[PDB]
Amino acid sequence: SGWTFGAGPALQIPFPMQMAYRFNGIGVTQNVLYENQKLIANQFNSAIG
Amino acid sequence: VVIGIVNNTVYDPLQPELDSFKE
Amino acid sequence: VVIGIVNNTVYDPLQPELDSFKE
Ligand SMILES: *[C@@H]1O[C@H](CO)[C@@H](O[C@@H]2O[C@H](CO)[C@@H](O)[C@H](O)[C@H]2NC(C)=O)[C@H](O)[C@H]1NC(C)=O
Ligand SMILES: *[C@@H]1O[C@H](CO)[C@@H](O[C@@H]2O[C@H](CO)[C@@H](O)[C@H](O)[C@H]2NC(C)=O)[C@H](O)[C@H]1NC(C)=O
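Quick mapping for you: the protein sequence lines, in order, are chains A, B and C.
Sequential numbering of the first sequence, starting at 882, is according to the entry's author numbering.
Sequential numbering of the second sequence, starting at 1126, is according to the entry's author numbering.
Sequential numbering of the third sequence, starting at 1126, is according to the entry's author numbering.
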């Protein structure tokens, strides 16, 4: 659900779409994530391990 | 390259306005 | 007035499109 469930009723949302609007919250356009979705997931999977 | 992209069309607001006056 | 401004050109995306159809 993202940040919405902390402000009201939880709303379903794709995780790759949630991350695209979290990149939008730091100063990088959403096109960065989708062009490197597989690489970023590998980075996140390796970092969390 | 984008995963999940779907097919659609975007309405250009210039070409119908640009062509109607000349034609 | 701007200090450090440099010289360049900006590609207008309308005039080549507007003139190619009419001409
Ligand atoms: C989205 O639309 C494009 C273009 O209309 C589709 O690309 C076509 O794919 C078929 C089969 O692979 C080819 O025979 C055509 O030549 C392609 N057209 C072009 C202009 O390249 C694409 O398959 C569509 N995708 C979806 C998911 O509907
Ligand atoms: C940036 O470009 C402008 C225009 O091309 C330059 O202005 C010219 O300056 C010369 C010398 O002062 C004049 O003889 C011309 O008449 C000017 N042109 C115009 C259109 O006014 C300007 O000097 C350039 N600046 C830099 C730093 O390259």
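Here a beta-carbon is modelled for each residue, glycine too, at the ideal position from N, C-alpha and C.
In this structure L920 of chain A is exposed. Its beta-carbon is surrounded by fewer than 16 other beta-carbon atoms within 10 angstroms.
When the beta-carbon positions are compared, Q911 of chain A and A901 of chain A come within less than 7 Å of each other. Proximity of the beta carbon of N1132 of chain C to ligand 2 is indicated: a heavy atom of the ligand is located closer than 6 Å. Closest by C-alpha distance to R903 of chain A, out of A:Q924, A:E916 and A:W884, is A:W884. Closer than 7 Å to the CB of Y915 of chain A there is at least one CB belonging to chain B.
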